[PDB]
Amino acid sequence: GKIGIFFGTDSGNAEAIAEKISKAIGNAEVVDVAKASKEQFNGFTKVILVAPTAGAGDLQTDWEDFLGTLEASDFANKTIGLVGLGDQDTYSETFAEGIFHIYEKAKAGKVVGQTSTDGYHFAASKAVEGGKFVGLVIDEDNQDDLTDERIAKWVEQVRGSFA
């Protein structure tokens, strides 16, 4: 209920991921950003932002438009978790960068869930700050076989940060 998990998708991967996190974290509400509003968004104090990476490393359409109506002040009082989707093989130099764009404003609040870069193969990605991943990264086009465990470990790590 209280944990707002906002996602945006084109194919459906993100939606499916958001759903898997909800079940694994519990006490959560999945919300498609394409229908979300600023008012609804601020109704939560804890949020998990799952966003797929569009061409060039930019945000999926739904997300870019929703994010544009948000300022840093809106993230200030929240605890935030970022989950990005990407294709590390086809896009070695833009791997899951969408998240980074959300990060530009989300850094105003309390961000948690930074992940190690071990187990990935790519060239560049703004999503990496301090030799670490700004949040959880998922690859459904190349590493679908590692998702279920990654979400599990992530939920474990960040679990305590949410309540």
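Counting begins at 1, following the sequence as shown.
Practice item. Between 102-110 and 51-59, point out the one with the higher average CA B-factor as the PDB entry records it. Key: If you average the C-alpha B-factors of 102-110 and of 51-59, the larger mean comes out for 51-59.
Practice item. State which stretch shows the higher mean Cα B factor in the entry: 90-98 or 63-71. Key: Higher of the two, by average CA B-factor, is 90-98.
Check your understanding: Going by what the PDB entry lists, where does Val155 fall on CA B-factor within its chain: lowest, middle or highest third?
Key -> For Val155, whose C-alpha B-factor we compare with every modelled residue in the chain, the answer is the middle third.
Check your understanding: Of the three thirds of its chain by CA temperature factor, lowest, middle or highest, which one includes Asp10?
Key -> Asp10: CA B-factor falls in the middle third of its chain.
Point to revise | CA B-factor ranking of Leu146, expressed as a third of its chain | key: Ranked within chain, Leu146 CA B lands in the highest tercile.
Point to revise | Within-chain third of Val30 by Cα B-factor, per the entry | key: Its C-alpha B-factor belongs to the lowest third of this chain's values.
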